[PDB]
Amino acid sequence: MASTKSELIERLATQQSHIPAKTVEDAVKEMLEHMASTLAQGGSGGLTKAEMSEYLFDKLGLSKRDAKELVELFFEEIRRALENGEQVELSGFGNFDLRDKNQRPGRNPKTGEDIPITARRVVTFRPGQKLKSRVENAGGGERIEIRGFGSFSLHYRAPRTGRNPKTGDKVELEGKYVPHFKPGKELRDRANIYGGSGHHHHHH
């Protein structure tokens, strides 16, 4: 129950024959590189699906039509993996874990009435060191938003005196930014094996 960058590019390939494997492969790499770049430097504002397609077109001369069908598939394969209980691990970027959460005390932040947070399975993103370094080294860039899949943004970490967990020595840590992912609705419902039933849909 673990899908790597390669095992994923393999599934996208076997489902995109009209597209050469080496291309189906370069694409995934370019996307993750565009994504990583966006978060660290960004520049071109928020990254979207149409930005990742245009880039593929520009960088790999790939037809826009196929570039779009891939980007979409790319995120669709990951979703498929996760909902199956599989964790997606992408080298040089980050891993997408699955965690089963037990019910805990909640409430209505507005009213204050105790309303418990049901047990569920949530998807989480763990930024690799490679990527984390870029974000702090670059000084942080823009964000990424892929509807139905999830969003990537940068969170600020104020400076603080930290400890070498081994020696106990203090170390001076500078403020920095770090990547943060928020699963999209479509991904939260498919991944959470506690809601694949009668959906929630009433008007009052």
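The first residue of the sequence shown is number 1, and the count goes up from there.
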Q: Look up the CA B-factors in the entry and say which stretch, 36-44 or 147-155, has the higher mean.
A: 36-44
Q) Should the higher mean CA B-factor in the entry be assigned to 66-74 or to 158-166? A) 66-74
(Q) Highest Cα temperature factor in the entry, among the options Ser133, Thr118, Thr124, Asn84: which one is it? (A) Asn84
Q: Sort the modelled residues of this chain by their C-alpha B factor and say whether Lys49 lands in the lowest, middle or highest third.
A: middle
Q: Give the position of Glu174 by CA B-factor within its chain, expressed as the lowest, middle or highest third.
A: lowest
**Q.** For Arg190, the third of its chain into which the C-alpha B factor falls
**A.** middle
